[PDB]
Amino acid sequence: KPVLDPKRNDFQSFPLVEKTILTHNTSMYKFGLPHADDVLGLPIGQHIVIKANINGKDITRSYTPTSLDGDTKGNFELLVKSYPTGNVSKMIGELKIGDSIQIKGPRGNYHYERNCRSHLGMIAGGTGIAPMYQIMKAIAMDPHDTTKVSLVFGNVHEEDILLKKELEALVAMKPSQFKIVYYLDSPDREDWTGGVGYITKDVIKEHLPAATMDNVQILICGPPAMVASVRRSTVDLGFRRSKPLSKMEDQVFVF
């Protein structure tokens, strides 16, 4: 029984049942569903939206749960990074156990289907890993999905990297299908051995599939400066220009 239903296109309330810290500003949040056998019902590629009433406004933002129907019943799980002057993210970071959130879904133009592409090149920064992780996890857990995934995941320093151990476990499931490189612009520590710097044209050319590969797609999600930089790099590398309104058929798709 899926809780999200496009025919009942309204907000619904779900209570916070568990909260686990990932970093000083980021936690995993587990929200309860009405029945122990319920699943969220979120198609792969799509997100939920969460509404907070703040400063006289209904403010809504997109979140991609880390849980899938196939591994999570009776609840759903989100990763949320809170900012000091955030809005919806600040509300979430103020919830106590038992408080509820108002959500609506599913939403989004990315409708992932098994083997719809031969190779996904993923470019993520910060919480932009969330839409990527959902897709890679689905592909990892589907024993008939052969889609190659090459992810370049850029952050400023070590404490900003999210889901690294989870991602590495997905690689270990399909080590011939999945490739991840981590970049840090400015590592804090001398024991970083991943990539150094930000995601440049040269990084994308080295690590992601080329624009000439049949049925390839580039997926992008991150803060606006990263998105503008990497979009320009993909055009310079011969990918088709991402469309103002990203649609699933586009060669470069921005979340």
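Heads up: residue numbers just count along the shown sequence, starting at 1.
For the segment pair 31-39 and 183-191, the entry gives 31-39 the higher mean B-factor, averaged over Cα atoms. Higher average CA B factor: 67-75, of the stretches 67-75 and 147-155. Which of 142, 99, 166, 113 has the largest Cα B-factor in the deposited entry comes down to 99.
Note on 215, 62, 26, 200: the highest value goes to 215, judged by CA B factor as recorded. Residue 53: CA B factor in the middle third of modelled residues in this chain (values from the PDB entry). Sort the chain's modelled residues by C-alpha temperature factor and residue 108 lands in the lowest third, per the entry. Remark: residue 126 belongs to the lowest third of its chain, ranked by C-alpha B-factor as recorded. The entry lists a Cα temperature factor for residue 220 that places it in the lowest third of the chain's modelled residues.
For residue 210, the recorded CA B-factor ranks within the highest third of the chain. Only modelled residues enter the ranking.
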